[PDB]
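Next comes query_26.pdb, a file with PDB, C-alpha atoms (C1' of nucleotides).
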MODEL        1
ATOM      1  CA  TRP P 417     -48.512  25.567  37.224  1.00  0.00           C
ATOM      2  CA  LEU P 418     -46.190  22.589  37.745  1.00  0.00           C
ATOM      3  CA  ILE P 419     -43.858  24.685  39.900  1.00  0.00           C
ATOM      4  CA  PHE P 420     -46.368  26.706  41.925  1.00  0.00           C
ATOM      5  CA  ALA P 421     -49.487  24.550  42.277  1.00  0.00           C
ATOM      6  CA  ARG P 422     -48.196  20.965  42.380  1.00  0.00           C
ATOM      7  CA  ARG P 423     -44.812  21.953  43.944  1.00  0.00           C
ATOM      8  CA  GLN P 424     -42.864  20.104  41.228  1.00  0.00           C
ATOM      9  CA  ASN P 425     -40.247  22.848  41.042  1.00  0.00           C
ATOM     10  CA  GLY P 426     -37.295  20.619  40.183  1.00  0.00           C
ATOM     11  CA  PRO P 427     -35.022  20.682  37.147  1.00  0.00           C
ATOM     12  CA  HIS P 428     -37.068  21.104  33.974  1.00  0.00           C
ATOM     13  CA  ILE P 429     -35.473  21.137  30.524  1.00  0.00           C
ATOM     14  CA  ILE P 430     -36.847  22.805  27.389  1.00  0.00           C
ATOM     15  CA  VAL P 431     -35.076  21.969  24.123  1.00  0.00           C
ATOM     16  CA  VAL P 432     -35.795  24.511  21.384  1.00  0.00           C
ATOM     17  CA  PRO P 433     -34.414  25.570  18.015  1.00  0.00           C
ATOM     18  CA  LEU P 434     -31.852  28.345  18.355  1.00  0.00           C
ATOM     19  CA  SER P 435     -33.727  30.841  16.165  1.00  0.00           C
ATOM     20  CA  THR P 436     -36.833  30.746  18.378  1.00  0.00           C
ATOM     21  CA  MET P 437     -34.994  30.796  21.717  1.00  0.00           C
ATOM     22  CA  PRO P 438     -35.076  34.599  22.326  1.00  0.00           C
ATOM     23  CA  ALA P 439     -38.853  34.270  21.866  1.00  0.00           C
ATOM     24  CA  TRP P 440     -38.725  31.712  24.693  1.00  0.00           C
ATOM     25  CA  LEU P 441     -36.442  33.848  26.869  1.00  0.00           C
ATOM     26  CA  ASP P 442     -38.631  36.955  26.793  1.00  0.00           C
ATOM     27  CA  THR P 443     -41.730  34.781  27.289  1.00  0.00           C
ATOM     28  CA  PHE P 444     -40.139  33.360  30.443  1.00  0.00           C
ATOM     29  CA  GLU P 445     -39.111  36.867  31.521  1.00  0.00           C
ATOM     30  CA  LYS P 446     -42.660  38.187  31.050  1.00  0.00           C
ATOM     31  CA  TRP P 447     -45.044  35.392  32.041  1.00  0.00           C
ATOM     32  CA  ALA P 448     -43.025  33.703  34.829  1.00  0.00           C
ATOM     33  CA  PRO P 449     -40.657  36.327  36.280  1.00  0.00           C
ATOM     34  CA  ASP P 450     -40.192  34.512  39.610  1.00  0.00           C
ATOM     35  CA  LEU P 451     -38.676  31.431  37.940  1.00  0.00           C
ATOM     36  CA  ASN P 452     -34.974  30.583  37.762  1.00  0.00           C
ATOM     37  CA  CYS P 453     -34.960  30.113  33.995  1.00  0.00           C
ATOM     38  CA  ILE P 454     -31.392  29.809  32.717  1.00  0.00           C
ATOM     39  CA  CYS P 455     -29.973  29.769  29.200  1.00  0.00           C
ATOM     40  CA  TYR P 456     -27.549  27.115  27.913  1.00  0.00           C
ATOM     41  CA  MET P 457     -25.795  28.125  24.694  1.00  0.00           C
ATOM     42  CA  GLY P 458     -22.375  29.311  23.625  1.00  0.00           C
ATOM     43  CA  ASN P 459     -18.823  28.059  23.415  1.00  0.00           C
ATOM     44  CA  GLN P 460     -16.978  25.904  25.947  1.00  0.00           C
ATOM     45  CA  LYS P 461     -16.033  28.635  28.427  1.00  0.00           C
ATOM     46  CA  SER P 462     -19.541  30.136  28.515  1.00  0.00           C
ATOM     47  CA  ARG P 463     -21.123  26.736  29.162  1.00  0.00           C
ATOM     48  CA  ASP P 464     -18.441  26.080  31.791  1.00  0.00           C
ATOM     49  CA  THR P 465     -19.389  29.411  33.402  1.00  0.00           C
TER      50      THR P 465
ATOM     51  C1'  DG O   1      58.923   1.822 -80.959  1.00  0.00           C
ATOM     52  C1'  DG O   2      57.713   0.258 -75.644  1.00  0.00           C
ATOM     53  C1'  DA O   3      54.584   0.202 -71.657  1.00  0.00           C
ATOM     54  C1'  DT O   4      50.427   2.056 -69.212  1.00  0.00           C
ATOM     55  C1'  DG O   5      44.989   2.946 -68.388  1.00  0.00           C
ATOM     56  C1'  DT O   6      40.630   0.933 -69.327  1.00  0.00           C
ATOM     57  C1'  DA O   7      36.757  -1.990 -71.286  1.00  0.00           C
ATOM     58  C1'  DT O   8      34.528  -6.742 -71.858  1.00  0.00           C
ATOM     59  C1'  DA O   9      34.504 -11.565 -70.888  1.00  0.00           C
ATOM     60  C1'  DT O  10      34.929 -15.939 -67.704  1.00  0.00           C
ATOM     61  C1'  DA O  11      35.642 -18.570 -63.487  1.00  0.00           C
ATOM     62  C1'  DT O  12      34.616 -18.716 -58.550  1.00  0.00           C
ATOM     63  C1'  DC O  13      32.338 -17.395 -53.988  1.00  0.00           C
ATOM     64  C1'  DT O  14      28.082 -16.805 -51.409  1.00  0.00           C
ATOM     65  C1'  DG O  15      23.237 -15.871 -49.804  1.00  0.00           C
ATOM     66  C1'  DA O  16      18.825 -17.437 -51.027  1.00  0.00           C
ATOM     67  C1'  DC O  17      15.013 -20.532 -53.113  1.00  0.00           C
ATOM     68  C1'  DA O  18      12.906 -24.941 -53.428  1.00  0.00           C
ATOM     69  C1'  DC O  19      12.843 -29.923 -52.700  1.00  0.00           C
ATOM     70  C1'  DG O  20      12.650 -33.832 -49.322  1.00  0.00           C
ATOM     71  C1'  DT O  21      11.481 -35.986 -44.769  1.00  0.00           C
ATOM     72  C1'  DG O  22      10.062 -36.746 -40.074  1.00  0.00           C
ATOM     73  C1'  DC O  23       7.035 -35.913 -36.334  1.00  0.00           C
ATOM     74  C1'  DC O  24       4.462 -34.077 -33.446  1.00  0.00           C
ATOM     75  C1'  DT O  25       1.442 -30.775 -32.441  1.00  0.00           C
ATOM     76  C1'  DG O  26      -2.528 -28.360 -33.857  1.00  0.00           C
ATOM     77  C1'  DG O  27      -7.039 -28.926 -36.107  1.00  0.00           C
ATOM     78  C1'  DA O  28     -11.625 -31.463 -37.169  1.00  0.00           C
ATOM     79  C1'  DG O  29     -15.517 -33.960 -35.327  1.00  0.00           C
ATOM     80  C1'  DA O  30     -18.397 -35.663 -31.446  1.00  0.00           C
ATOM     81  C1'  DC O  31     -20.094 -35.672 -26.475  1.00  0.00           C
ATOM     82  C1'  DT O  32     -20.900 -33.906 -22.102  1.00  0.00           C
ATOM     83  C1'  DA O  33     -21.175 -31.163 -17.821  1.00  0.00           C
ATOM     84  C1'  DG O  34     -20.966 -27.079 -15.483  1.00  0.00           C
ATOM     85  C1'  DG O  35     -19.810 -21.911 -15.620  1.00  0.00           C
ATOM     86  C1'  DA O  36     -21.965 -18.209 -16.312  1.00  0.00           C
ATOM     87  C1'  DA O  37     -25.942 -15.458 -18.010  1.00  0.00           C
ATOM     88  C1'  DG O  38     -30.443 -14.235 -16.686  1.00  0.00           C
ATOM     89  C1'  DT O  39     -34.452 -13.513 -13.063  1.00  0.00           C
ATOM     90  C1'  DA O  40     -36.695 -12.220  -8.713  1.00  0.00           C
ATOM     91  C1'  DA O  41     -36.454 -10.567  -3.803  1.00  0.00           C
ATOM     92  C1'  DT O  42     -34.404  -7.956   0.154  1.00  0.00           C
ATOM     93  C1'  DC O  43     -31.655  -4.578   2.201  1.00  0.00           C
ATOM     94  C1'  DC O  44     -28.146  -1.167   2.714  1.00  0.00           C
ATOM     95  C1'  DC O  45     -25.018   2.367   0.655  1.00  0.00           C
ATOM     96  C1'  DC O  46     -24.409   6.263  -2.571  1.00  0.00           C
ATOM     97  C1'  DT O  47     -26.243  10.596  -5.331  1.00  0.00           C
ATOM     98  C1'  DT O  48     -27.957  15.528  -5.705  1.00  0.00           C
ATOM     99  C1'  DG O  49     -29.709  19.419  -3.998  1.00  0.00           C
ATOM    100  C1'  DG O  50     -30.707  21.796  -0.102  1.00  0.00           C
ATOM    101  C1'  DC O  51     -30.690  23.888   5.517  1.00  0.00           C
ATOM    102  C1'  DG O  52     -28.580  25.004  10.324  1.00  0.00           C
ATOM    103  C1'  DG O  53     -24.932  25.829  13.677  1.00  0.00           C
ATOM    104  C1'  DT O  54     -19.765  25.411  15.599  1.00  0.00           C
ATOM    105  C1'  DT O  55     -15.590  26.345  15.154  1.00  0.00           C
ATOM    106  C1'  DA O  56     -11.124  25.671  13.871  1.00  0.00           C
ATOM    107  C1'  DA O  57      -8.691  26.078   9.749  1.00  0.00           C
ATOM    108  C1'  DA O  58      -7.634  29.085   5.838  1.00  0.00           C
ATOM    109  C1'  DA O  59      -6.628  33.533   4.045  1.00  0.00           C
ATOM    110  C1'  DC O  60      -4.595  38.209   4.194  1.00  0.00           C
ATOM    111  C1'  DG O  61      -1.438  41.703   5.625  1.00  0.00           C
ATOM    112  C1'  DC O  62       2.924  43.255   7.597  1.00  0.00           C
ATOM    113  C1'  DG O  63       7.480  43.450   9.723  1.00  0.00           C
ATOM    114  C1'  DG O  64      11.961  41.486   9.889  1.00  0.00           C
ATOM    115  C1'  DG O  65      15.716  38.624   9.723  1.00  0.00           C
ATOM    116  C1'  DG O  66      17.582  34.225   8.103  1.00  0.00           C
ATOM    117  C1'  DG O  67      18.978  32.087   4.193  1.00  0.00           C
ATOM    118  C1'  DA O  68      19.816  31.712  -0.939  1.00  0.00           C
ATOM    119  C1'  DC O  69      22.792  33.352  -4.248  1.00  0.00           C
ATOM    120  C1'  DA O  70      26.568  35.859  -6.385  1.00  0.00           C
ATOM    121  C1'  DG O  71      31.362  37.094  -6.373  1.00  0.00           C
ATOM    122  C1'  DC O  72      36.246  36.353  -5.224  1.00  0.00           C
ATOM    123  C1'  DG O  73      40.404  34.059  -3.666  1.00  0.00           C
ATOM    124  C1'  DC O  74      43.117  29.930  -3.109  1.00  0.00           C
ATOM    125  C1'  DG O  75      45.074  25.674  -2.979  1.00  0.00           C
ATOM    126  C1'  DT O  76      44.618  21.110  -3.957  1.00  0.00           C
ATOM    127  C1'  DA O  77      43.335  17.338  -6.368  1.00  0.00           C
ATOM    128  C1'  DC O  78      42.215  15.589 -10.655  1.00  0.00           C
ATOM    129  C1'  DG O  79      43.095  15.632 -15.750  1.00  0.00           C
ATOM    130  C1'  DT O  80      46.583  14.879 -19.298  1.00  0.00           C
ATOM    131  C1'  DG O  81      50.476  12.977 -21.414  1.00  0.00           C
ATOM    132  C1'  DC O  82      54.362   9.812 -21.673  1.00  0.00           C
ATOM    133  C1'  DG O  83      57.273   5.641 -20.609  1.00  0.00           C
ATOM    134  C1'  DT O  84      57.212   1.199 -18.544  1.00  0.00           C
ATOM    135  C1'  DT O  85      55.141  -3.018 -16.902  1.00  0.00           C
ATOM    136  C1'  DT O  86      51.824  -6.451 -16.826  1.00  0.00           C
ATOM    137  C1'  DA O  87      48.264  -9.132 -17.497  1.00  0.00           C
ATOM    138  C1'  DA O  88      44.292  -9.894 -20.620  1.00  0.00           C
ATOM    139  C1'  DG O  89      43.258 -12.257 -24.803  1.00  0.00           C
ATOM    140  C1'  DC O  90      44.012 -16.128 -27.848  1.00  0.00           C
ATOM    141  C1'  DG O  91      45.370 -20.728 -28.862  1.00  0.00           C
ATOM    142  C1'  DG O  92      46.510 -25.264 -26.611  1.00  0.00           C
ATOM    143  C1'  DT O  93      47.096 -29.809 -23.414  1.00  0.00           C
ATOM    144  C1'  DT O  94      44.758 -33.598 -20.640  1.00  0.00           C
ATOM    145  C1'  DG O  95      42.089 -36.028 -18.289  1.00  0.00           C
ATOM    146  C1'  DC O  96      37.575 -36.449 -15.468  1.00  0.00           C
ATOM    147  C1'  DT O  97      33.048 -35.081 -14.220  1.00  0.00           C
ATOM    148  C1'  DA O  98      28.540 -32.510 -14.510  1.00  0.00           C
ATOM    149  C1'  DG O  99      24.653 -32.093 -17.165  1.00  0.00           C
ATOM    150  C1'  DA O 100      21.302 -32.175 -21.177  1.00  0.00           C
ATOM    151  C1'  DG O 101      18.884 -35.491 -23.860  1.00  0.00           C
ATOM    152  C1'  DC O 102      16.699 -40.000 -24.505  1.00  0.00           C
ATOM    153  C1'  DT O 103      14.677 -44.494 -23.043  1.00  0.00           C
ATOM    154  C1'  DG O 104      12.758 -47.569 -19.658  1.00  0.00           C
ATOM    155  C1'  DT O 105      10.477 -49.320 -15.205  1.00  0.00           C
ATOM    156  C1'  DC O 106       8.029 -48.814 -11.204  1.00  0.00           C
ATOM    157  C1'  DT O 107       6.154 -47.140  -7.001  1.00  0.00           C
ATOM    158  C1'  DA O 108       4.567 -43.985  -3.698  1.00  0.00           C
ATOM    159  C1'  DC O 109       1.910 -39.912  -3.628  1.00  0.00           C
ATOM    160  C1'  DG O 110      -1.716 -36.963  -4.741  1.00  0.00           C
ATOM    161  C1'  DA O 111      -6.352 -36.351  -7.176  1.00  0.00           C
ATOM    162  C1'  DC O 112     -11.111 -37.781  -6.510  1.00  0.00           C
ATOM    163  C1'  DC O 113     -15.400 -39.235  -4.245  1.00  0.00           C
ATOM    164  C1'  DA O 114     -18.593 -40.430  -0.368  1.00  0.00           C
ATOM    165  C1'  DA O 115     -19.770 -40.101   4.689  1.00  0.00           C
ATOM    166  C1'  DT O 116     -18.907 -37.746   8.862  1.00  0.00           C
ATOM    167  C1'  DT O 117     -18.209 -34.573  12.194  1.00  0.00           C
ATOM    168  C1'  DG O 118     -16.024 -30.868  14.588  1.00  0.00           C
ATOM    169  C1'  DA O 119     -14.096 -26.274  14.127  1.00  0.00           C
ATOM    170  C1'  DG O 120     -15.817 -21.575  12.827  1.00  0.00           C
ATOM    171  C1'  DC O 121     -19.582 -17.842  13.104  1.00  0.00           C
ATOM    172  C1'  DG O 122     -23.425 -15.780  15.501  1.00  0.00           C
ATOM    173  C1'  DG O 123     -26.400 -14.855  19.719  1.00  0.00           C
ATOM    174  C1'  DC O 124     -27.546 -15.583  24.910  1.00  0.00           C
ATOM    175  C1'  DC O 125     -26.329 -15.719  29.867  1.00  0.00           C
ATOM    176  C1'  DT O 126     -23.181 -14.773  33.296  1.00  0.00           C
ATOM    177  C1'  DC O 127     -19.028 -12.477  35.881  1.00  0.00           C
ATOM    178  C1'  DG O 128     -15.273  -8.490  36.746  1.00  0.00           C
ATOM    179  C1'  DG O 129     -15.174  -4.222  37.294  1.00  0.00           C
ATOM    180  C1'  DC O 130     -17.049   0.509  37.371  1.00  0.00           C
ATOM    181  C1'  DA O 131     -20.538   3.334  38.997  1.00  0.00           C
ATOM    182  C1'  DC O 132     -25.131   5.154  41.614  1.00  0.00           C
ATOM    183  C1'  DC O 133     -27.565   5.525  46.133  1.00  0.00           C
ATOM    184  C1'  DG O 134     -28.293   5.057  51.354  1.00  0.00           C
ATOM    185  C1'  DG O 135     -26.298   5.091  56.108  1.00  0.00           C
ATOM    186  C1'  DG O 136     -22.612   5.920  59.919  1.00  0.00           C
ATOM    187  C1'  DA O 137     -18.407   8.637  61.734  1.00  0.00           C
ATOM    188  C1'  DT O 138     -15.740  13.200  62.056  1.00  0.00           C
ATOM    189  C1'  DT O 139     -14.982  18.361  62.053  1.00  0.00           C
ATOM    190  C1'  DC O 140     -16.426  23.480  61.354  1.00  0.00           C
ATOM    191  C1'  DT O 141     -19.367  27.805  62.168  1.00  0.00           C
ATOM    192  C1'  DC O 142     -22.398  30.077  65.270  1.00  0.00           C
ATOM    193  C1'  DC O 143     -25.838  32.212  69.217  1.00  0.00           C
ATOM    194  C1'  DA O 144     -26.238  33.213  73.830  1.00  0.00           C
ATOM    195  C1'  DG O 145     -24.771  34.149  79.011  1.00  0.00           C
ATOM    196  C1'  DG O 146     -21.440  36.273  82.311  1.00  0.00           C
ATOM    197  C1'  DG O 147     -18.524  40.080  83.643  1.00  0.00           C
ATOM    198  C1'  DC O 148     -16.780  44.969  83.196  1.00  0.00           C
ATOM    199  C1'  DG O 149     -17.130  50.042  82.061  1.00  0.00           C
ATOM    200  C1'  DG O 150     -19.642  54.727  81.561  1.00  0.00           C
ATOM    201  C1'  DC O 151     -23.236  58.614  82.819  1.00  0.00           C
TER     202       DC O 151
ENDMDL
END

Using structure tokens, write down the structure from this file.
Amino acid sequence: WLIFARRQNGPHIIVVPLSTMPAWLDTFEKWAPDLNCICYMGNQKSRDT
DNA sequence: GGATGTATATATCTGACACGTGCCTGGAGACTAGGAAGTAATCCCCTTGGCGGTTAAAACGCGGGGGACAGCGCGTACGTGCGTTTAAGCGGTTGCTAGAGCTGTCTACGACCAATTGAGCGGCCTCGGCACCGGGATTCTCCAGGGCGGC
């Protein structure tokens, strides 16, 4: 709603526990498929990538 | 029949015990002040038993070669013994000076106490420098028009 209706489509950050974060990723894949939701975990080279 | 080995007795040497004396240092008695024990409050660090996630260190295995160790040869340098020298060790001279010990006098220097104040500790405001944001100048990629060729 913040992205589509009010046009506030800037950088949002969601900080979650690691164990629940696949349950956030598939929720973003299902409910908001048009969004550019990215994932930020891993070692130094993955985060650099 | 003479001299030798051995036992008991007597005088002398020597470490130890007790007596005597000084003196000075430790003990007894009394008084006082402050060092430390005890109390309460506040705040921060440490303890024990857990969880989660990163990740680099620890562990394990394996191949291989460098290094530890053993053996052997050799030659030199150190041990050993003897003869010779030399200097240490002891006893001794001869004076003077340094130093410990004791006594005496005195004076400058440091302890002690009261009043003071200025250097040390904490916080607050500001600057030097680094960094975030807005505006101007410079260079790169691109879309369209003009001209030429083919059926």

Report the closest atom pair, with its distance in Å rounded to one decimal, for each residue of chain P that has an atom no farther than 10 Å from chain O; count only C-alpha atoms (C1' of nucleotides), sort by chain and then rising residue number, and write it as a Markdown table.
| residue | atom | partner | partner_atom | distance |
| --- | --- | --- | --- | --- |
| P:433 | CA | O:52 | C1' | 9.7 |
| P:434 | CA | O:53 | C1' | 8.7 |
| P:435 | CA | O:52 | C1' | 9.7 |
| P:458 | CA | O:54 | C1' | 9.3 |
| P:459 | CA | O:54 | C1' | 8.3 |

Box along x, y and z, 8 Å on every side, all listed atoms of region 435-441 of chain P inside: centre and edge lengths in Å to one decimal, as AutoDock Vina command-line options.
--center_x -36.3 --center_y 32.7 --center_z 21.5 --size_x 21.1 --size_y 19.9 --size_z 26.7

Item to check | Shell of 12 Å around residue 440 (chain P), only C-alpha atoms (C1' of nucleotides), local chain residues under 6 positions omitted, as a ChimeraX atom specification | outcome: /P:430-434,446-448,453-455

Write the residues of the selection above to a file with C-alpha atoms, as a PDB file, in the coordinates of the input.
ATOM      1  CA  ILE P 430     -36.847  22.805  27.389  1.00  0.00           C
ATOM      2  CA  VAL P 431     -35.076  21.969  24.123  1.00  0.00           C
ATOM      3  CA  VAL P 432     -35.795  24.511  21.384  1.00  0.00           C
ATOM      4  CA  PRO P 433     -34.414  25.570  18.015  1.00  0.00           C
ATOM      5  CA  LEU P 434     -31.852  28.345  18.355  1.00  0.00           C
ATOM      6  CA  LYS P 446     -42.660  38.187  31.050  1.00  0.00           C
ATOM      7  CA  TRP P 447     -45.044  35.392  32.041  1.00  0.00           C
ATOM      8  CA  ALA P 448     -43.025  33.703  34.829  1.00  0.00           C
ATOM      9  CA  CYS P 453     -34.960  30.113  33.995  1.00  0.00           C
ATOM     10  CA  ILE P 454     -31.392  29.809  32.717  1.00  0.00           C
ATOM     11  CA  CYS P 455     -29.973  29.769  29.200  1.00  0.00           C
TER      12      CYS P 455
END

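Relative to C1' of residue 22 (chain O), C1' of residue 101 (chain O) is found at 18.5 Å.
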
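Distance-wise, CA of residue 429 (chain P) and CA of residue 456 (chain P) end up 10.3 Å apart.
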
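Interatomic distance, CA of residue 445 (chain P) to CA of residue 425 (chain P): 17.0 Å.
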
Atoms are missing here; could region 428-453 of chain P be completed with N, CA, C and O atoms and written as an mmCIF file, in the coordinates of the input?
data_model
loop_
_atom_site.group_PDB
_atom_site.id
_atom_site.type_symbol
_atom_site.label_atom_id
_atom_site.label_comp_id
_atom_site.auth_asym_id
_atom_site.auth_seq_id
_atom_site.Cartn_x
_atom_site.Cartn_y
_atom_site.Cartn_z
ATOM 1 N N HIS P 428 -36.386 21.302 35.240
ATOM 2 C CA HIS P 428 -37.068 21.104 33.974
ATOM 3 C C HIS P 428 -36.141 21.506 32.839
ATOM 4 O O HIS P 428 -35.300 22.391 32.993
ATOM 5 N N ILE P 429 -36.290 20.846 31.694
ATOM 6 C CA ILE P 429 -35.473 21.137 30.524
ATOM 7 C C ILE P 429 -36.393 21.394 29.337
ATOM 8 O O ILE P 429 -37.364 20.659 29.119
ATOM 9 N N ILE P 430 -36.127 22.477 28.612
ATOM 10 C CA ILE P 430 -36.847 22.805 27.389
ATOM 11 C C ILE P 430 -35.830 22.901 26.263
ATOM 12 O O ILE P 430 -34.911 23.729 26.314
ATOM 13 N N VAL P 431 -36.004 22.067 25.242
ATOM 14 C CA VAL P 431 -35.076 21.969 24.123
ATOM 15 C C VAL P 431 -35.743 22.585 22.902
ATOM 16 O O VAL P 431 -36.755 22.069 22.412
ATOM 17 N N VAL P 432 -35.166 23.673 22.403
ATOM 18 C CA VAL P 432 -35.795 24.511 21.384
ATOM 19 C C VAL P 432 -34.819 24.684 20.228
ATOM 20 O O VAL P 432 -33.611 24.462 20.381
ATOM 21 N N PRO P 433 -35.315 25.047 19.046
ATOM 22 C CA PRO P 433 -34.414 25.570 18.015
ATOM 23 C C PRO P 433 -33.813 26.899 18.443
ATOM 24 O O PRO P 433 -34.406 27.654 19.216
ATOM 25 N N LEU P 434 -32.608 27.169 17.933
ATOM 26 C CA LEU P 434 -31.852 28.345 18.355
ATOM 27 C C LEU P 434 -32.495 29.642 17.883
ATOM 28 O O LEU P 434 -32.409 30.662 18.579
ATOM 29 N N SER P 435 -33.149 29.623 16.721
ATOM 30 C CA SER P 435 -33.727 30.841 16.165
ATOM 31 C C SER P 435 -34.940 31.315 16.956
ATOM 32 O O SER P 435 -35.239 32.514 16.969
ATOM 33 N N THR P 436 -35.645 30.401 17.614
ATOM 34 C CA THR P 436 -36.833 30.746 18.378
ATOM 35 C C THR P 436 -36.543 31.016 19.846
ATOM 36 O O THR P 436 -37.448 31.429 20.572
ATOM 37 N N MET P 437 -35.316 30.817 20.293
ATOM 38 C CA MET P 437 -34.994 30.796 21.717
ATOM 39 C C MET P 437 -35.017 32.173 22.403
ATOM 40 O O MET P 437 -35.338 32.225 23.599
ATOM 41 N N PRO P 438 -34.689 33.299 21.740
ATOM 42 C CA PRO P 438 -35.076 34.599 22.326
ATOM 43 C C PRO P 438 -36.573 34.770 22.547
ATOM 44 O O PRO P 438 -36.977 35.408 23.533
ATOM 45 N N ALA P 439 -37.409 34.209 21.667
ATOM 46 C CA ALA P 439 -38.853 34.270 21.866
ATOM 47 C C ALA P 439 -39.315 33.389 23.019
ATOM 48 O O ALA P 439 -40.436 33.563 23.504
ATOM 49 N N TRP P 440 -38.485 32.444 23.458
ATOM 50 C CA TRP P 440 -38.725 31.712 24.693
ATOM 51 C C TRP P 440 -38.201 32.462 25.907
ATOM 52 O O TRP P 440 -38.828 32.432 26.973
ATOM 53 N N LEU P 441 -37.060 33.139 25.752
ATOM 54 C CA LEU P 441 -36.442 33.848 26.869
ATOM 55 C C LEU P 441 -37.284 35.035 27.317
ATOM 56 O O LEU P 441 -37.484 35.236 28.520
ATOM 57 N N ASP P 442 -37.810 35.821 26.372
ATOM 58 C CA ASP P 442 -38.631 36.955 26.793
ATOM 59 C C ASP P 442 -40.003 36.502 27.281
ATOM 60 O O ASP P 442 -40.605 37.166 28.132
ATOM 61 N N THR P 443 -40.497 35.368 26.771
ATOM 62 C CA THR P 443 -41.730 34.781 27.289
ATOM 63 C C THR P 443 -41.562 34.326 28.732
ATOM 64 O O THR P 443 -42.460 34.525 29.559
ATOM 65 N N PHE P 444 -40.415 33.724 29.057
ATOM 66 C CA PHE P 444 -40.139 33.360 30.443
ATOM 67 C C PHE P 444 -39.922 34.591 31.313
ATOM 68 O O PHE P 444 -40.286 34.591 32.493
ATOM 69 N N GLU P 445 -39.317 35.642 30.754
ATOM 70 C CA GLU P 445 -39.111 36.867 31.521
ATOM 71 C C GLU P 445 -40.422 37.592 31.799
ATOM 72 O O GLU P 445 -40.555 38.252 32.835
ATOM 73 N N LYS P 446 -41.395 37.481 30.898
ATOM 74 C CA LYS P 446 -42.660 38.187 31.050
ATOM 75 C C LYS P 446 -43.687 37.391 31.848
ATOM 76 O O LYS P 446 -44.264 37.909 32.809
ATOM 77 N N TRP P 447 -43.924 36.133 31.473
ATOM 78 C CA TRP P 447 -45.044 35.392 32.041
ATOM 79 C C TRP P 447 -44.707 34.727 33.369
ATOM 80 O O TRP P 447 -45.592 34.572 34.215
ATOM 81 N N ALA P 448 -43.455 34.326 33.577
ATOM 82 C CA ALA P 448 -43.025 33.703 34.829
ATOM 83 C C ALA P 448 -41.754 34.378 35.329
ATOM 84 O O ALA P 448 -40.660 33.809 35.246
ATOM 85 N N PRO P 449 -41.867 35.594 35.878
ATOM 86 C CA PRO P 449 -40.657 36.327 36.280
ATOM 87 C C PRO P 449 -40.011 35.799 37.547
ATOM 88 O O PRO P 449 -38.832 36.086 37.784
ATOM 89 N N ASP P 450 -40.732 35.033 38.362
ATOM 90 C CA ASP P 450 -40.192 34.512 39.610
ATOM 91 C C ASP P 450 -39.416 33.215 39.424
ATOM 92 O O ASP P 450 -38.894 32.680 40.407
ATOM 93 N N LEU P 451 -39.329 32.702 38.204
ATOM 94 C CA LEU P 451 -38.676 31.431 37.940
ATOM 95 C C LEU P 451 -37.186 31.626 37.703
ATOM 96 O O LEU P 451 -36.737 32.686 37.259
ATOM 97 N N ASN P 452 -36.416 30.583 38.004
ATOM 98 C CA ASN P 452 -34.974 30.583 37.762
ATOM 99 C C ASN P 452 -34.666 29.950 36.404
ATOM 100 O O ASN P 452 -33.985 28.932 36.293
ATOM 101 N N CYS P 453 -35.190 30.579 35.357
ATOM 102 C CA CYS P 453 -34.960 30.113 33.995
ATOM 103 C C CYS P 453 -33.567 30.528 33.545
ATOM 104 O O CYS P 453 -33.233 31.717 33.545
#
